[PDB]
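# Geometric and topological summary
Next come the chains, spelled out residue by residue.
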Amino acid sequence: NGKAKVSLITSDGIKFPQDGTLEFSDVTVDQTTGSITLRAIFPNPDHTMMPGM
Amino acid sequence: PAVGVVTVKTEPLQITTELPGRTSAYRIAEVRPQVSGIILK
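Quick notes on the rules
Residues numbered from 1 in each chain as written, not as in the entry; some residues may be left out. Chains lettered and ligands numbered in written order. Part of a larger assembly, values for the part shown. Heavy atoms only, no water. Pairing = 2+ DSSP bridges. Helix = DSSP H or I, 4+ residues; strand = E, 2+ residues; numbered from the N terminus. Patch = residues over 30% accessible without salt bridge, like charges linked within 9 Å, V, L, I, M, F, W, Y side chains within 5 Å. Areas by Shrake-Rupley, 256 points an atom, 1.4 Å probe, with all protein chains shown as cover. Salt bridge = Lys/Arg side-chain N within 4 Å of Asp/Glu carboxyl O. Buried < 20%, exposed > 50% of the residue type's maximum accessible area, 1.4 Å probe, protein only.

- Structure determination for this PDB entry is given in the record as cryo-EM, at a resolution of 5.9 Å.

### Description of the pairing of strand β3 (residues 26-30) of chain A
Residues and elements named next belong to chain A.
- Here β3 runs beside strand β4 (residues 35-37); their pairing, made up of two bridges, is antiparallel. Across the sheet, the residue bridging to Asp26 is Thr37, located in β4.
- Between β3 and β4, which pair antiparallel and follow one another directly, the connecting turn spans four residues, one of which, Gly34, has a positive phi of 45 degrees.

### Observations concerning a nonpolar patch on the surface
All names here are of chain A.
- Taken together, the side chains of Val27, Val29 and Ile36 present a nonpolar region at the surface, about 270 Å² in accessible area.
- One can find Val29 in strand β3.
- When its relative accessible area of 39% is taken as the criterion, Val29 is described as partly exposed.

### Brief notes about unusual backbone geometry
Residue and element names in this part refer to chain A.
- Of the consecutive residues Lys3 and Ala4, the connecting peptide bond is found in the cis state with omega at -10 degrees.
- Residue position: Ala4 is located in the segment before β1 (5-6).
- The residue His47 is not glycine, and still its phi comes out positive at about 50 degrees.
- Following the sequence through the fold, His47 ends up in the segment after β4.
- Judged by relative accessible area, which is 70%, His47 ranks as exposed.

### Here we look at the pattern of salt bridges
All names here are of chain B.
- Under the definition given, this model contains one salt bridge over all chains.
- Ionic pairing is found between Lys9 and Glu11, a salt bridge with its closest N-O pair at 3.3 Å. Both residues of the pair, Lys9 and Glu11, count as exposed.

### Points about the environment of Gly13 of chain A
Residue and element names in this part refer to chain A.
- Relative to the assigned elements, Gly13 resides in the loop between β1 and β2 (20-21).
- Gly13 gets classed as exposed once you look at its relative accessible area, which sits at 60%.
- Through-space distance from the C-alpha of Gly13 to that of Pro45 is 21 Å; in sequence the pair is 32 residues apart.

Below, the structure is given as structure tokens:
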């Protein structure tokens with residue numbers, strides 16, 4: 001009923017310490033990925049996530 | 001020697017080329033700042 005709760009499981013094979021919020025879906029079909037993208041803002045004060053993964 | 005036969009006539013056919021391509025908006029322009037300066041918000 002709401003948008004949007006994203007989960008994570010990081011390369012360790014474990015889910016990130018907590019989930020994250022899916023912000024939206026930009027409907028533009030990415031030309032060379034031919035792929036929609038989802039930008040989900042996540043809290044990362046634990047200084048764990050890093051820009052890009 | 002008896003056989004089912006369908007006589008041939010001229011049958012109009014409106015089927016035509018099926019050819020693809022990429023899709024795009026109209027309605028898909030961009031946003032370019034015309035004023036240099038910091039991004040405030």
